[PDB]
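First comes one chain, alone, set out as structure tokens in the form deposited in one PDB entry.
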């Protein structure tokens, strides 16, 4: 089997991407944020505290003839920005782009933090990291990909995120028309439960490539590219007037600037992020200070190849017995 679904930016900055997901019988379609940096499929629901729902579409398990309470199971998750959600668990039929999993754990939110409530475009998350990170207790549950894997034509999914435009998540096949050149594959560490890999270096604009190992994760749920402070300083030094602002929370730059590209290495291959992908617009409405799309990871504890990086590539998440990642230009 295979599946193929379009993923759409939630706003004009590509803050995040939503993909329609069919849950239950008859189908209830929710727009979920496919997250390769987490392993829970959770949704706004008829159980979510009413004051914490503001425009999201909800899953109502009582209206699904295939929903079953997973007795005794609860979940609770906290993310990198400090947001969080928690609740109980149903199993139900879940389909993405024509690919159907029966008995998928659908984690129903009883509580969500304010950043979730305040975003009306995200109806929940669909985790695509390794199932070892799933938070369901006392019986950990498998991700949608883990459940689908054995049925797929090939045990892979691909992320093809658009710049200010829709893109595609495919399951079970590699669309050879969706990229240019060849796909370069690179080793993955599954020890921490993420798609963790090592970039071979970087370049700023037309500058020389610096060969240096940068360990990080391929995170479709993260908006920005978070890299070591040395790398980030080298990038922003090429933008006149750019500076790190403690009050704003990162590097800002004059909105009048033209940004240089940023290249990252994948083995001997190179992925080029155009400068425009690094512009996240005014820090507040009407400001002439703009927020940068490359930021320091120093306060995180790991480097994160988020959407800024991934949208410059066609990315293969190869879930074979020994997982690997593939990157191609496009």
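Numbering follows the first chain given and starts at 1.
From this point on, the text means the form solved in complex with a small molecule, which you will not see here.
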{"property": "The small molecule contact at residue 209 in the deposited bound form, heavy atom, 4.5 Å", "result": "no"}
{"property": "Contact test in the deposited bound form: residue 186 vs the small molecule, heavy atoms, 4.5 Å", "result": "yes"}
{"property": "Touches the small molecule in the deposited bound form: residue 275 (any heavy atom, 4.5 Å)", "result": "no"}
{"property": "4.5 angstroms heavy atom contact with the small molecule in the deposited bound form for residue 1", "result": "no"}
